Amino acid sequence: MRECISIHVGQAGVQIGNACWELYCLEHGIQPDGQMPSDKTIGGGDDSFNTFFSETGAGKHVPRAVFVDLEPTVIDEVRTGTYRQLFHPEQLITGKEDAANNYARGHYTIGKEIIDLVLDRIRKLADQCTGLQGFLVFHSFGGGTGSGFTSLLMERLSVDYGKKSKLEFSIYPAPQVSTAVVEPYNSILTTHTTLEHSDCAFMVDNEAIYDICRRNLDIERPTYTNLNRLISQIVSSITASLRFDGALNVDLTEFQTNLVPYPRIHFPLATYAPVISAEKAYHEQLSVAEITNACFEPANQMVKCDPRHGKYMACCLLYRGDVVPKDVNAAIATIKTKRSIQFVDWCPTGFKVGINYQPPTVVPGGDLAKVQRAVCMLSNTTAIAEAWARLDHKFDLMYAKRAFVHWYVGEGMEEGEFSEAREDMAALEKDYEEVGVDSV
Amino acid sequence: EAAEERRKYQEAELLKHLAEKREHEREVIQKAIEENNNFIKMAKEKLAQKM
Amino acid sequence: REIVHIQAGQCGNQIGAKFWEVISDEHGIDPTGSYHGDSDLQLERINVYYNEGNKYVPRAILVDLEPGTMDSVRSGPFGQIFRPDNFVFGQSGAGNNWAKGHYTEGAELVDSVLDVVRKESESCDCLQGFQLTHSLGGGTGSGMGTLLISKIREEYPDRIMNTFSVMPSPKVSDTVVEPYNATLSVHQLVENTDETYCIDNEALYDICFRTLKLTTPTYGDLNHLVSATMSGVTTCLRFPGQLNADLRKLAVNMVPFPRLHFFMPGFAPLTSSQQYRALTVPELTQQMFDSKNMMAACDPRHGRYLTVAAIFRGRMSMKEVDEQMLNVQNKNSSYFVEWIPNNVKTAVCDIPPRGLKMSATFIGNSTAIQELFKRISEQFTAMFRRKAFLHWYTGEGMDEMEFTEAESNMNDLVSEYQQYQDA
Ligand SMILES: COc1cc([C@@H]2c3cc4c(cc3[C@H](Sc3nnc[nH]3)[C@@H]3COC(=O)[C@H]23)OCO4)cc(OC)c1OC
Ligand SMILES: COc1cc([C@@H]2c3cc4c(cc3[C@H](Sc3nnc[nH]3)[C@@H]3COC(=O)[C@H]23)OCO4)cc(OC)c1OC
Ligand SMILES: Nc1nc2c(ncn2[C@@H]2O[C@H](COP(=O)(O)OP(=O)(O)OP(=O)(O)O)[C@@H](O)[C@H]2O)c(=O)[nH]1
Ligand SMILES: Nc1nc2c(ncn2[C@@H]2O[C@H](COP(=O)(O)OP(=O)(O)O)[C@@H](O)[C@H]2O)c(=O)[nH]1
Ligand SMILES: [Ca+2]
Ligand SMILES: [Mg+2]
Ligand SMILES: [Mg+2]
Ligand code: NA
Ligand code: NA
């Protein structure tokens, strides 16, 4: 009951999926062969972690997940990697030819060859659920598969599962971490196409994560492994309420009520703390007040933007570990007298708090320090439109010359789809302006 | 008997009001069904047309 | 004269289960349903709330659209005592959404509940009516609960409907949509209940923080107040004495105009216990009527009492109670209406609650309750003028028109209460 199925699309989605499922296993005490010695109900159960793991009669705990990519070499590393035994071979789906950084090939030319198979595997997972809650979809904006195949998959999921909820973790492109020149095109195309099909989308700016790794973990040039371990901690914070329970636990769906005031305004800003090296964590205990304070520092955002220059329509604090509400309330009282926290005039100004007691874990031999308490803030701020403005500007620069547009037309697309997608982004930006304006 | 009949008239008005509530309840849920189905049909047709 | 108790949603079942723990103790019923008490006032009217191997079973129906909280009741101290077939629950939940409780998720489950209601009502020698516990801020208690009330009225139109309705407050809030759910629910209650005890989470929080000096109040703290109130407010229904009250006499005597049936309870002494100094009758009467002791965040001095019913519990001077009760009216005659003579009545019961040698409980029909509906109306309007968060409801089939009509009906209610504050 309340199962969530995760779908990992393209290289970014798959590699982040590797990191996330490894972290889940460590948090839950599941070994790489899928055995979970603490779990006394063999082959089934209704425990909180069963929202994310099914069980075989042989004691294996299997991610409710599908990994899909149009080339094989990233999923092959899952097939041969440390956690190969976690997954049934049928959950890992690959084609032979990727989308060549081209939305059109991911959505149409190549993607249409494998979409029916992907949907048949997802159906196989859904059929094992007694009360499917929805989907979590992991993908980049910029790749041909992450943009184009994900939009196709989302459109098909709406047809096959109705209004069943679909949440995204979307990797927003940054020049620092490698990136095709056409990624602004792919980003706008997939954002426009998926907008009506997604209920809530957590954007993750690769530049934000890159900066956090360089600045807080003192890593000179972070790798994908560095970025994805940090990303998995944010994902884990956000899904922890689904996977654990406790008296102070608040379900992600309750936060979602507060975070989405209009269907299209569904892009929360995530901030996480604390991110600290082993050397600095040793002999330093970060208190509740300390980590809370860190959420309001822009350097700790998942997306680069300035909330001081927008307005809030919601603020949610997801705590894990050694945290009691008394310390939370005090920390928030302090924050509210020292920070620029301006809400829109049509929404209440309370912070919604949840506490998950299970403490955070880290991957042994990684760079993140193990801490006793952490927090992820989810806010809905009009400032997140700065991220769309930045992407729309790069789009416009190229599109006014039609640079690279022939690679999409060659695959059957029309310029009409470009201007329609760009107009939808313009209306999105205007939506964010309108909701921040004071009421008459 | 005239007072009894007045009680009966008032109960009948009441049950008639509650009957109007039940039909509104029916209209709301069939409206939700109709809109979910029209979403699915719209999405299916746009996808087919664009492919 | 049997009462059928229904508890719906998370809040409903939590304050519901506390109510049964408290009164089961007062009547000497242990968690396993066997009576092991020491007095016979305990069993004389036991059948008002319990059915009868000489074990007693609460005439209680437990309803929720998700199984969580009712798993918690079944594991709690008195969980063994409820009739297992009277647990009626779904799996989907209501997502803090009135529309889901009232129109989609709840509609699926409501007929099962009415089958259990019907069975309980058939084993009734003479059914007084119904008592429902729920909040107005969520989805199941609010949306499905008012749907139940409507279906119950249609099947038992000549029986009394009584609710303990927990009103939401930004000071103790789960979601931003609470004003929407509460406004939609108040409309249902104005039409389909005969008596509603307004239990205001803002007042309970204030009382826990200021008076009880609990700086981090939990729902457990709030529910300690609600439990004490529910016990005191039902005393004359459950115990024999001078005045044997029932739900219909309650309504005839406290409700001068059919829509103004929303009561402010009050209680004394307020406790989080920890104190052994029993209060003098003067002190009970003083605190009970103090604003700082009322479970709805309304200033009675901002309005007028239409009717008041007070009950004193424990052993104490009947003569001193009458003297202090008469003192409070004769000293603040301005806060009682002139056009309802002798509108304050007082009862006594020898059997005190638990941990208290004497207590006082107050039922008031005060025009100051309009402040609570104004507060909600303001919060409702702040979002609704921008149609904020409405898609959660239109996605379930609802139209904006229904919100407009609910806003209108609640403002009418506020107006009607003000009409009689100036009479
Ligand atoms: C085979 O030779 C190369 C090709 C590219 C080239 C390539 C060439 C480019 C370019 C981008 C990109 C993209 S980069 C990308 N990273 N993630 C997604 N896409 C892609 C990637 O793979 C590629 O092959 C593309 O911008 C201007 O010139 C790049 C090269 O080095 C930088 C290689 O130099 C020999
Ligand atoms: C539900 O508990 C109570 C109810 C009443 C209540 C009740 C409530 C009233 C009221 C009168 C009356 C009358 S009193 C009466 N005595 N003989 C005939 N009628 C009646 C009797 O039965 C009732 O139920 C009525 O005036 C204003 O508010 C009163 C209470 O205490 C005074 C009780 O506890 C506070
Ligand atoms: N954070 C993070 N970003 C990644 C990772 N892998 C790729 N990216 C980013 O994703 C974008 C490129 O998309 P990919 O996922 O690699 O491409 P794809 O989905 O496989 O699409 P095609 O190869 O064109 O078929 C660029 O912005 C990359 O920086 C990763 O492991 N972690
Ligand atoms: N006093 C009190 N209020 C509660 C309790 N639980 C929830 N609430 C309030 O009830 C409203 C939320 O409704 P809830 O009962 O949880 O939702 P439901 O299960 O869909 O009916 C909010 O206003 C909460 O503050 C409780 O145990 N005691
Ligand atoms: Ca140090
Ligand atoms: Mg690729
Ligand atoms: Mg709740
Ligand atoms: Na199990
Ligand atoms: Na259903």
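Laboratory data are not the source of any read-out in this text; all were calculated from the coordinates shown. Cβ atoms come from the backbone with ideal geometry, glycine included; neighbour counts cover every protein chain shown.
Overview of values
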item: Identity of the residue in the stretch A:251-286, aromatic (F, W, Y) and within 14 Å of chain C (Cβ to nearest Cβ), that ends up surrounded by the most Cβ atoms within 10 Å (Cβ to Cβ); result: A:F255
item: Neighbours by Cβ (under 7 Å, 6+ apart or cross-chain): first from the stretch B:13-33, at negative phi; second in a helix (DSSP H, G or I); result: B:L15/C:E154; B:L18/C:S150; B:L18/C:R153; B:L18/C:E154; B:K21/C:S150; B:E25/C:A107; B:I29/C:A107
item: Unmet criterion (only one of (1) more than 16 Å from ligand 2 (Cβ to nearest atom); (2) buried (at least 16 other Cβ atoms within 10 Å of the Cβ); (3) not in a helix (DSSP H, G or I)) for C:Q274; result: (2)
item: Scope the stretch A:231-250; condition in contact with a strand residue (DSSP E or B) (Cβ under 7 Å, 6 or more places away or on another chain), surrounded by fewer than 18 Cβ atoms within 10 Å (Cβ to Cβ) and within 10 Å of another protein chain (Cβ to nearest Cβ); matching residues; result: A:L248
item: Counted residues, the stretch A:33-49 - those being under 22 Å from A:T82 (Cα atoms) and surrounded by 12 or more Cβ atoms within 10 Å (Cβ to Cβ); result: 6
item: Unmet requirement for C:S408, which otherwise passes all of (1) among the small types (G, A, S); (2) outside any helix (DSSP H, G or I); (3) more than 20 Å from A:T257 (Cβ to Cβ); result: (2)
item: Selection status of A:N228, crowded, with 18+ Cβ neighbours inside 10 Å and away from chain C (no Cβ under 14 Å); result: yes
item: Hey, C:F263 closer than 27 Å to C:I376 by Cβ and assigned to a strand (DSSP E or B) or not; result: yes
item: Strands (runs of 3 or more DSSP E) wholly inside the stretch A:47-160 containing at least 3 residues that are away from ligand 6 (no atom under 16 Å from the Cβ); result: A:53-55, A:61-63, A:134-140
item: Residue that is out of contact with any strand residue (DSSP E or B) (no Cβ under 6 Å at 6 or more places or on another chain), loosely packed, with under 12 Cβ neighbours inside 10 Å, facing another protein chain (nearest Cβ under 8 Å) and in a helix (DSSP H, G or I), where the choices are B:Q30, B:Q10, B:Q49; result: B:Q30
item: Matching residues, the stretch C:311-349, being surrounded by 13 or more Cβ atoms within 10 Å (Cβ to Cβ) and acidic (D, E); result: C:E320, C:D322, C:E323
